[PDB]
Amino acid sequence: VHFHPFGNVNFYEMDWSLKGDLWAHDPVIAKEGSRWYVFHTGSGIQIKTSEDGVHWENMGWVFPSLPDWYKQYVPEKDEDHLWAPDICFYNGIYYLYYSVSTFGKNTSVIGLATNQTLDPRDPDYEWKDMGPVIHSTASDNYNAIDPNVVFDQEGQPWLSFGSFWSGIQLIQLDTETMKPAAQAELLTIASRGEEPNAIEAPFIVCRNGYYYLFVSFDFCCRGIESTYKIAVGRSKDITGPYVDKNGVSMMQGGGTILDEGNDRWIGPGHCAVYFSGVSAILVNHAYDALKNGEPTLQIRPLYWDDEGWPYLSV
């Protein structure tokens, strides 16, 4: 996947028994050369690195001091946590989208940081503040958080995003600015059809001519009382309709459940899906019932059945 490259390594062969610094919430992963990186929710966007994808070490943050412009969109934000980063690699540049918001409110903005490299040893390492991408106010019927970029088969970048309110949104990006045109249409592509509308954290991938929309249902952020689950649907066209195994549109609460956790891992969600060759991984967090509900990084091989639907195993 040109914009999420993982070399030749074979995820289905690897031992994904993670070790090290595994606290994480809302992760994404990128690999540049021999080094792997996690970005996740936390102060200034938290970063972890690994040599192998398995042993993780905490490594700094993107924004030591938050951009002044956040206050123009979310003036009541009073702490430095940035949420749900998303990484892609295009034209030599790393594009890191992220969320500026306050929990449970839809006064929100997605920002963009860019870097020439992910390696802080490189003289050109610098996370540049490239400003807002899309925002919501309290009279909008959507929430501008939880970005994900996908490039369709034809090379057009799209941004999906959303949490609660009318649900998951989709908008085209321009290839040079990596932002929507000012008159670009905003499409709604998934919704529980319930109030509150507990759907968020979209992630789209293409496999064999279908677009797969992964989302998280129900409630994060409650430790062992979290009810998060990972759901998926698919469409031949990136604008929908995304439908689940049963033929139900994701605009009507459709979605096939991929993981709802167990008595040890509570509330898995906020996922990402990456490929290397025909192998794939699912990345998410889950709340550790054996460690005070602390949110923990999970990376697992993601298999695909003979109808094209993803599944986990043991």
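Sequential numbering from 1, following the sequence displayed.
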Can you tell me whether 206-214 has a higher mean C-alpha B factor than 156-164 in this record, or the other way round? 206-214
Hey, which bit's got the bigger mean C-alpha B factor in the entry, 280-288 or 241-249? 241-249
Peak C-alpha temperature factor (PDB record), options 85, 131, 180, 92: 92
In terms of the CA temperature factor given in the entry, to which third of its chain does residue 41 belong: lowest, middle or highest? lowest
Going by what the PDB entry lists, where does residue 61 fall on CA B-factor within its chain: lowest, middle or highest third? middle
State the tercile, meaning the lowest, middle or highest third, of residue 76 with respect to the CA B-factors recorded for its chain. highest
Modelled-residue ranking by C-alpha temperature factor, third containing residue 135: lowest
Considering only modelled residues of the same chain, in which third does the CA B-factor of residue 22 rank: lowest, middle or highest? middle
